[PDB]
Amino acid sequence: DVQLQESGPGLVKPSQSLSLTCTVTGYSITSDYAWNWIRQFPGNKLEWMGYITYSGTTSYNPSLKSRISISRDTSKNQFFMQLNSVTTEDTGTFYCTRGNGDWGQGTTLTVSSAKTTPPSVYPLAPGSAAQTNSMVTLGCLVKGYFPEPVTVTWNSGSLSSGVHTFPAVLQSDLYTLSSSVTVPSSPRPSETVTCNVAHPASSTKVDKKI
């Protein structure tokens, strides 16, 4: 009950509009799910953007008001937000929140020299099959992409244990990430294991088996 679905990632050149969103399950919007937009620069910075109510009028935080807006497609259960004249000083995630509970999983926006780049996904199996101890540690590296994020799951998600996806590091204007899976020494290699990497920003989806 109560859910906040938002638009996906978006690389944008500095100065060319986009609109985030929040379709809202567990309701319809009328009596209100009063939005309360929040921004979060990469690092740690919850900045209150402003709100919108059942009445229709909105109320933008003094700080940054105009060129940022908030709309209402209720029949199509959604409230939107636009950032006109985007600047590098605008990269971060944006969360809509209901005026009495739940937050949305946020929308990430980035703003650089542009140019989207798919990760080179390379599988990493134990340098010498040898194993034979209770369990194995497999991995797959997500090298050199831009922007973020990547979404590497294992066997479509079936495998959620021993699963460490390490944060991406801005390696030379390009990101790089890693993920490790410690599946029982019993399955591998007989049993297939496939690291699935999806990279929104570029329509790229690639699957590699260790």
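From 1 onward, residues are counted along the sequence shown.
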Averaging CA B factors per stretch from the PDB record, which one is higher: 163-171 or 180-188? 180-188
Mean temperature factor over C-alpha atoms, higher-scoring stretch between 125-133 and 106-114: 125-133
In terms of CA temperature factor as recorded, identify the highest of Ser55, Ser59, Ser69, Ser156. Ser55
The residue of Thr93, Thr97, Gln78, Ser120 with the maximal C-alpha B-factor according to the PDB record is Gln78
State the tercile, meaning the lowest, middle or highest third, of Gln5 with respect to the CA B-factors recorded for its chain. middle
Quick check for you: using the entry's CA B-factors within this chain, is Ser15 in the lowest, middle or highest third? highest
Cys195: C-alpha B-factor third of its chain, per the entry, is the middle
If you rank every modelled residue in this chain by C-alpha B factor, which third holds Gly43: lowest, middle or highest? highest
Modelled-residue ranking by C-alpha temperature factor, third containing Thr151: lowest
